[PDB]
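*Asks:*
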Amino acid sequence: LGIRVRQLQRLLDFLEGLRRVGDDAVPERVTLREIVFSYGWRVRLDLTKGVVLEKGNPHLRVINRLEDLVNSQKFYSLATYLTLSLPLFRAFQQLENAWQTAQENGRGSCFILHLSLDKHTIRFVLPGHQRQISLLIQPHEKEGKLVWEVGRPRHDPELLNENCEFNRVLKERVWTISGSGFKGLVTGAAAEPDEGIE
Amino acid sequence: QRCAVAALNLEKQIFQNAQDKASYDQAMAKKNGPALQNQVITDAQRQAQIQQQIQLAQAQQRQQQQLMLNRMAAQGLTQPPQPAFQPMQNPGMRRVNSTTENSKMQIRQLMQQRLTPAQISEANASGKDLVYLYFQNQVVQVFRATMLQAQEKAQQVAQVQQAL
Amino acid sequence: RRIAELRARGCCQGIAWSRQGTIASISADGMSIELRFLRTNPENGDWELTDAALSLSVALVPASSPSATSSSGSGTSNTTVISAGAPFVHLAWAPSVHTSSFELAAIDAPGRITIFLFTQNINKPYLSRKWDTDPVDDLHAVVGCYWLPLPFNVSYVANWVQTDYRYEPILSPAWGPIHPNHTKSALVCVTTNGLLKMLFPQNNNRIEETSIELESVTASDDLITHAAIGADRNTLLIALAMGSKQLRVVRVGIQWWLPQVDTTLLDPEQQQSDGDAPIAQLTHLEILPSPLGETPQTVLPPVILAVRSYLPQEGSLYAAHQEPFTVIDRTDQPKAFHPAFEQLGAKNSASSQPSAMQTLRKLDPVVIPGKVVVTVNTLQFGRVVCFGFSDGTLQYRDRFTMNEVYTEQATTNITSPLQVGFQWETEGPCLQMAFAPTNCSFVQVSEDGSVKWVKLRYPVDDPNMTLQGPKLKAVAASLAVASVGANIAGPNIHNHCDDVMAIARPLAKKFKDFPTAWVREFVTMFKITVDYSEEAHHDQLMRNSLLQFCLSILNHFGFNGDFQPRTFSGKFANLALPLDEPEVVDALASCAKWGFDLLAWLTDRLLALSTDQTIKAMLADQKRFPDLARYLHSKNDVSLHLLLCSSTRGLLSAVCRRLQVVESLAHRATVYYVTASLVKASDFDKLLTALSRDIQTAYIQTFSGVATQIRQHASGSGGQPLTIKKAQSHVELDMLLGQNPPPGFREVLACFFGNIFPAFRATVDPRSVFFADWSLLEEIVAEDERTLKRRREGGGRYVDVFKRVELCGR
Amino acid sequence: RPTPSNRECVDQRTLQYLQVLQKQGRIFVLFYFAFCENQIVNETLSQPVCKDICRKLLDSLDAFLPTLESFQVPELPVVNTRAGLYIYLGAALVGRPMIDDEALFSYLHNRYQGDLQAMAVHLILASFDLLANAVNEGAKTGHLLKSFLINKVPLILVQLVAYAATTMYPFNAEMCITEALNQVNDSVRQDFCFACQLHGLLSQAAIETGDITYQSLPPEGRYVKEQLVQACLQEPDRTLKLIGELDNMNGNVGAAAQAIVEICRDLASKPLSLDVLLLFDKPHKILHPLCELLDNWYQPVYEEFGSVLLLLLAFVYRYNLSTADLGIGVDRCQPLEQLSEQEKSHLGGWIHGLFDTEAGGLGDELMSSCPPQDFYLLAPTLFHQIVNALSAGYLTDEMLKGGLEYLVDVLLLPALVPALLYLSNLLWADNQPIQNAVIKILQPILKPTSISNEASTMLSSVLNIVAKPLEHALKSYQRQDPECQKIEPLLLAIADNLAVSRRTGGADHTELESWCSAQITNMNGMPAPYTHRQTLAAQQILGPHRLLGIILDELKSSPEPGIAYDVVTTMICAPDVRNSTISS
């Protein structure tokens, strides 16, 4: 029952992304694929075996190789999400690497949670129940283009003026475009680092 | 043998993970025949909800990191698991707050459907419910943080096969 | 010429086309009346569009019954009038003032008259007289009709003349008289003899029914001598009718009447007066070489030129001229004929004084006129069309020589075309015409169809006819024609249909600059209060009509004049509102929503500009206009200068602050303790929407509007200070330097001290949030945005005007 | 379900039905001849069926003439009904009688025997006796104008000798009713034959049913020409003494006057005996040799001028003629001037010895020697100055009466025609003093002091020229002042018997107000009703193209084609009286 028609429809529905890729298109043929995108990594899809599967290279997105399966197999084959969400995850990784020297000693710690596929949250914790802070990161309206609006959650009791006093040397509630968010992330990490090493 | 236990202990923890990621949702899809199945929707809801607690108890069985935090105190290793390192990620005090939280969606739904002695486009007090999302997405994650807090302590003793 | 040879001179059948109030109606071959108007072409808007009969025409129904009656216009196209075997023959309009139109139709039948009524220019007429009790005989009242004129609130009527073309042209008024009236703001139609009678129906009483006519026999008949053609007008204080009864005799009856005794008014129109001489010279014999193709017959009714003379001393004599003769051949003998005879009536005394008439002289071109004859300016007759499609050999009233045939500017130019460069364009042979209210265009009916209106056009792209410098005073000409008989309620204009956008200057700063120097707009409202800011002609913002596109990007700095009519209409509606409660409160709430949306948008655009790269430096501040027109960002020239938007919104805030208290005043009466009181259902909605303002509260947008308005005075009264009974007005400076911004320009080289972003702004700053009012819905995207075509997905998404909500059209 | 379908123009439609049904008996401006040619030459293209009717009508309409685009769409027969010559004669004898010789003889839709015209006049008498219009004897040509048969006998005898006119009509004179036109009001059968069909040897032994000639012209040994002119209204036969009487108005113009004053005085009266001359002779044989004597030419000289002028103003005003006689500067250019020209330009009492005796209280008029051509340019101005001088107080009533007693048969009476033709525009005007002055001057004119029976008959012959435009103004003033007239009926009940004139072929009040009628959607021997004063009176009110459309719409649907065509054809090709002018 539609034995070859299954692969026929699969390829006929997946070839749509070949027009919108605009990256290095594909070095692979049917029963597999590859849409490799680097500067100067590739993702090994699957089509046979379950139903489908994805496979990656060891850096920068393995934090979501369990949220991508549903988006790939169920919704559509329109994975234009990586090409516009890469810098954010690069910043995530560089921050989680730069906070290394603190976790050795008893200085502090930083966690990242990814409440959904787009709504992300980051949390700083300090040793003696001094503080427990959590900032939400979320995209917003697309008048010209998408904009990330990072800050304290909306209806969380702000607990005014305990350390937001210090955190207001950066306005504490930013808004950034999809090309220069790393500067804001680093400027927000350095302040908390200087406040924790004291 | 400690190698053979820490291996597949990391597996038990990776496997109990993604349960939170699948439970973040509740998928309340409503949109006589139509009646008598809202209770079955709530049935499947409480179904997917429960059986997380027994797994929590099974994890608290072989929770063996309260005994390693002591050695971790002074200059503990404390290496967080960055999935950029293990590309596999694949095969080879209370949480009744969740039920207490779900319990506030039958009553504030009855109070929304008790508007037939009322207008048509004013029963939309569902400009509320922006508190339950916050409360759940906080309760589940404030204890999801424990998995990341303990998976680090897991390999404090298994640095290089505990022997080299 | 088998149709121009099919023209009737047996009656005064009257034109079938007509126009007033921007409508045009025609009688299509004798069974239906078709309507059409002049639209803006909602797609890529070009004014050139005459609708192709997409409206509800009116049809003569031929069926009948032993007892049936004419129907009225229900929800569908049913507007039927019962016929009796005769087609429509005559259509005429009636003057009106902004409230309700009128239009009557006389049938070539025994002389039955119907009257339609339009209420909101929605081309959907109702009935006012049914003509179901009228005789069937030889009345045939087509031989002439006349609506009485309606008065003016002064002694005379004024029309202007722009002269003195130099640094600026000053303009002086000309004026003529208006003799009769009606003793109301309604009107009255008098249709002349049914070949015998008088028969004028209009006695609109205290009730609203057009009462029965009045009749009075004049020049009874007992043989075959019928009044073939008659015409009437209104000379000093009284009417004046004249007939030509089938022979070479023409008679003049002066029908004096002003009994309307004052309740139920009845009006005996007695006092008809014979005595005006019956000069038998309708055509005199010049017998010499008889057997040649001379001696044509009268074709156009003798139109009475009223006594509009008013020569400087006092009034003068009338002139009842016999319109042309127009032989048409059936040697070669070309058409080549229309002598126009002229006869005036003086009063001389050799003994007991009788009146007398004297033929002046004759003149005859080599074409066939008679399609239409219309008098312009009330002084200079003309526009005699010659049917060769060549509209107009317009000839003066005195001495009848050709006029307006020589271009010149350095002195009095009283008409837009033919003097500054404009010219006509010929379409093709025609049969009937009808001129615009401004006499700047006409619509003709050729052999087959009603060809679109034939308009003037400027010879643009000529090497030495460019519009720059002193040659840009081709605008005072196009202005001095926009004021005609009964035009002081400015907002009704059609001559926008002259678009020269290869120059881009007449867009504004000329055609809006001159009406200021014309009627003294006096738009410096930055001194006292926000109370009397409702002018009838300052509201005439035509810069919106030059929007350059529709559903596409709107011309920036051409919607500064679009944001104002909204915050004018929708924000005086509140003060216009114990009315019908459970249905207007929701509309009030829906308007308050849009108001709060506009406040949010303005307080957003103030940010992201409060921290730009603006540098004063005392040598910059000339960049101000270019740097704003580059970003196409009109959020400062509307909130700072122009001296009256800072008052319109300053009053809108005071109205919203009154609106937000009714909810808190009424909910105490409502909830003070069982099913859908149905008015609290809307009071609840109003209170719910009067708290979703972010932190605006409408109490601080007034302090931040009063602070700057008081700060401006410190400079306005310290910069215009220049060193008994010395006038020393010097308010014209405040007028001029505060009037040139409405047409987008720069500030006044001193309003860059009154720019204290530190003081008067960092205090409204902590009554909002950084990232709370920067991410909203802002459905005002209909005016100000160019990135997306998503709004044209299906049947589009339009915004209402009365309720101000969303709308889909599919 | 009574519902009107046509009104005010349904008379043609309700008339043609009656005529088509009677067809089975024994129960300048232009007109249609030039307005159907237009509809043909411009064929109504995109034509379902309406082109057949139009092209066939243009084909059939060429009976008047002869003195392949649409292929005619058919070959439909033609019938010679009884309603062709009926309409032709009824239209020719409705105004100025215009039945001439060749324009009537060269009317051949028949080709062999003209019996269809010996009862088409009996039918006209029968149709105009009932529906009372007996105002006619001008339609009694049954006796006198039957020279048609005596002229048609030899014109056919030149080649065919088998006509036998004696037995031609006696099978026609058996086909008329014996109740109206009896055999022994109407007594016409006993007098048609045996009184006209023996003067010409066309009936002998006519039991079962002085031939004076054209050479009665020695008017020199006698002057019986005032007995011939009296025996015109007598109809035994031989009213052929009219061509033999119009050869005296030529002899006495090639020679001198003064033997013509009595003839003109006796023809000026009795206006009902002026149509009989035009029945027989052309119009250009009287005017042209009578208008060319005034333009080229003592007490009795004034009389000879006035008595001859009294005839032109009767001919011109009874038939409403124009200046179509001298077109080819003359005294006959006076019909243009009926307006007081001016004063002080070049008049200055040029010839005003008159008004020093004509209205003075001094004496007679003997030495005033001015040419008699002062009728023009000095009647209206003189009377206007008299009215002005009487308005203010300058001429007392005694002088006024002693003056007005100078204008009776003194060769000044025929001068009053232009005088009180212009004086009728000053009574239509509006000012009380002048109106009352005219009323006071009109009293010794209408009702006289009963003097000089000759002058009385001259006045009674003048009055019927101006009686039409003079009572209109009187009625107008009566309407203007309908409270105290007390003078006006005294004059209206006097200038009333002489309101018999204007034979111009036009409708009137009690017929115009009587044939505007309706049409809903739900017979003793006499003929069907018809009157040609209806067609050329609807053609003036309604457009000619509109009436052509009506006729075509009616003919397209009317049953019995071949009979419904003859009526319309002979109704369109009939002689129009209004739009036809005479010539040489």
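Chains as they are written, first to last, in full-length UniProt numbering: chain Z, 797 to 836, 852 to 860, 865 to 1013; chain D, 88 to 118, 129 to 189, 249 to 320; chain E, 71 to 332, 354 to 421, 426 to 672, 697 to 792, 822 to 871, 883 to 969; chain P, 60 to 86, 216 to 255, 299 to 366, 369 to 417, 438 to 462, 465 to 552, 562 to 592, 605 to 798, 832 to 893.
Note that the Cβ used here is the ideal one computed from N, Cα and C, for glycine as well.
Return the CA-CA distance between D634 of chain E and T789 of chain E, expressed in angstroms with no decimal places.
*Replies:* Each residue's Cα considered, the two are about 41 Å apart.
*Asks:* Given a cut-off of 8 Å, decide if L612 of chain P and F659 of chain P are closer than it, judged by their beta-carbon atoms.
*Replies:* No, the pair does not count as a contact, with Cβ atoms beyond the cut-off.
*Asks:* How do the region 650 to 670 of chain E and the region 762 to 771 of chain E stand: do at least 3 beta-carbon pairs fall below 8 Å, yes or no?
*Replies:* Because the criterion of three Cβ pairs below 8 Å is met, the region 650 to 670 of chain E and the region 762 to 771 of chain E touch.
*Asks:* Mind listing the chain P neighbours of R552 of chain E? Cutoff is C-beta to C-beta under 7 Å, in chain order.
*Replies:* What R552 of chain E touches in chain P: nothing, since even the nearest Cβ is about 36 Å away.
*Asks:* Since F926 of chain Z meets chain D, which of its residues come closer than 8 Å, beta carbon to beta carbon?
*Replies:* Per Cβ cutoff of 8 Å: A301 and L304.
*Asks:* Can you name the residues of chain P whose CB is closer than 8 Å to the CB of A86 of chain E?
*Replies:* Neighbours of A86 of chain E on chain P: none; closest Cβ ~15 Å, over 8 Å.
*Asks:* Using 8 Å as the Cβ pair cut-off and three pairs as the minimum, do the region 770 to 781 of chain P and the region 322 to 341 of chain P touch?
*Replies:* Judged by Cβ distances under 8 Å, the region 770 to 781 of chain P makes contact with the region 322 to 341 of chain P, as three or more pairs qualify.
*Asks:* Cutting at 6 Å between CB atoms, please list the residues of its own chain near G91 of chain E, excluding the five before and the five after it.
*Replies:* Here the set comprises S171.
*Asks:* Identify each residue in the region 117 to 136 of chain E for which the Cβ-Cβ distance to at least one residue of chain P is less than 9 Å, and report them in chain order.
*Replies:* Taking 9 Å as the Cβ-Cβ cut-off against chain P, the residues of the region 117 to 136 of chain E that qualify are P132, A133, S134, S135 and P136.
*Asks:* Could you give the DSSP three-state label for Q490 of chain E: helix, strand or coil?
*Replies:* In this structure, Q490 of chain E counts as strand in the three-state DSSP scheme.
*Asks:* Who does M497 of chain E pair with in a DSSP beta bridge?
*Replies:* Partner(s): E:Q490.
*Asks:* For the region 882 to 910 of chain Z, enumerate the residues whose C-beta is nearer than 8 Å to any C-beta of chain D, in chain order.
*Replies:* Result list: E882 and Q908.
*Asks:* Among the candidates Z:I937, Z:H970, Z:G966 and Z:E973, whose CA atom is the shortest distance from the CA of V298 of chain D?
*Replies:* Taking only the C-alpha atoms, the option nearest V298 of chain D is Z:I937.
*Asks:* Examine the Cβ distances between the region 224 to 238 of chain P and the region 223 to 238 of chain E and report whether three or more of them are shorter than 8 Å.
*Replies:* No, the region 224 to 238 of chain P does not touch the region 223 to 238 of chain E.
*Asks:* Mapping the DSSP letters down to three states, classify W519 of chain E as helix, strand or coil.
*Replies:* Three-state result, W519 of chain E: coil.
*Asks:* Spell out whether any CB of chain E is found under 8 Å from the CB atom of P273 of chain D.
*Replies:* Yes, its Cβ sits closer than 8 Å to a Cβ of chain E.
*Asks:* I need the straight-line Cα distance from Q849 of chain E to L839 of chain E, nearest angstrom please.
*Replies:* Taking the straight line joining both Cα atoms gives about 16 Å.
*Asks:* Using the C-alpha atoms, what's the distance from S892 of chain Z back to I831 of chain Z?
*Replies:* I831 of chain Z and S892 of chain Z: Cα-Cα distance of roughly 12 Å.
*Asks:* Could you round the C-beta distance between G591 of chain P and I378 of chain E to whole angstroms and report it? I think they count as a contact, below 8 Å.
*Replies:* Correct: roughly 6 Å between the Cβ atoms.
*Asks:* Using 8 Å as the Cβ pair cut-off and three pairs as the minimum, do the region 143 to 150 of chain D and the region 169 to 183 of chain D touch?
*Replies:* No, the region 143 to 150 of chain D is not in contact with the region 169 to 183 of chain D.
*Asks:* With DSSP collapsed to three states, give me the class of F359 of chain P.
*Replies:* Helix, per DSSP.
*Asks:* What is the C-beta distance between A824 of chain E and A105 of chain D, in whole angstroms, given that I count them as a contact (C-beta under 8 Å)?
*Replies:* About 50 Å separates the two Cβ atoms, so there is no contact after all.
*Asks:* DSSP has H160 of chain E in a bridge; who is on the other side?
*Replies:* BP columns for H160 of chain E point to E:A176.
*Asks:* Given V79 of chain P, which residues of its chain have a CB within under 8 Å of its CB, disregarding the five upstream and five downstream residues?
*Replies:* Hits under 8 Å: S867, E869, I872, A873 and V876.
*Asks:* Ordered along the chain, which non-local residues of its own chain (more than five positions away) have a Cβ less than 7 Å from that of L771 of chain E?
*Replies:* Excluding residues within five positions, the ones whose Cβ falls inside 7 Å are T662, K666 and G714.
*Asks:* Exposed or buried, which one is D757 of chain P when buried takes at least 16 other CB atoms within 10 Å?
*Replies:* That one is exposed.
*Asks:* Locate the alpha helix (DSSP H) running through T730 of chain E, then write down its first and last residues.
*Replies:* Taken as a continuous stretch (DSSP letters only), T730 of chain E belongs to no alpha helix (DSSP H), as it is neither H nor E.
*Asks:* Of all the options P:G315, P:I460 and P:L542, which has the alpha carbon lying nearest to the alpha carbon of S892 of chain P?
*Replies:* Minimum Cα distance to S892 of chain P is reached at P:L542.
*Asks:* If I measure Cβ to Cβ from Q761 of chain P and keep anything under 7 Å in the same chain, skipping five residues before and after, which residues do I get?
*Replies:* Correct list, in chain order: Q754.
*Asks:* When you compare each of E:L836, E:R492 and E:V827 to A281 of chain D by their alpha carbons, which one comes out closest?
*Replies:* Closest by alpha carbon: E:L836.
*Asks:* Taking the straight line between their C-alpha atoms, what separation do you get for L522 of chain P and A486 of chain P?
*Replies:* Roughly 12 Å separates the two Cα atoms.
*Asks:* Answer with buried or exposed for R787 of chain E, where buried requires no fewer than 16 other C-beta atoms within 10 angstroms of its C-beta.
*Replies:* When all chains shown are included, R787 of chain E counts as exposed.
*Asks:* When the Cα of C409 of chain P is compared with those of P:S358, P:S337 and P:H622, which residue comes out closest?
*Replies:* Answer by Cα proximity: P:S358.
*Asks:* What distance in whole Å lies between the Cβ atoms of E104 of chain E and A123 of chain E, which are believed to be in contact at a cut-off of 8 Å?
*Replies:* Confirmed, about 5 Å.
*Asks:* If we count the other Cβ atoms within 10 Å of its Cβ and call it buried at 16 or more, is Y581 of chain P buried or exposed?
*Replies:* Buried, by the Cβ-count rule.
*Asks:* Could you work out which residues of chain D lie near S931 of chain Z, taking near to mean beta carbons separated by less than 8 Å?
*Replies:* What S931 of chain Z touches in chain D: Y111.
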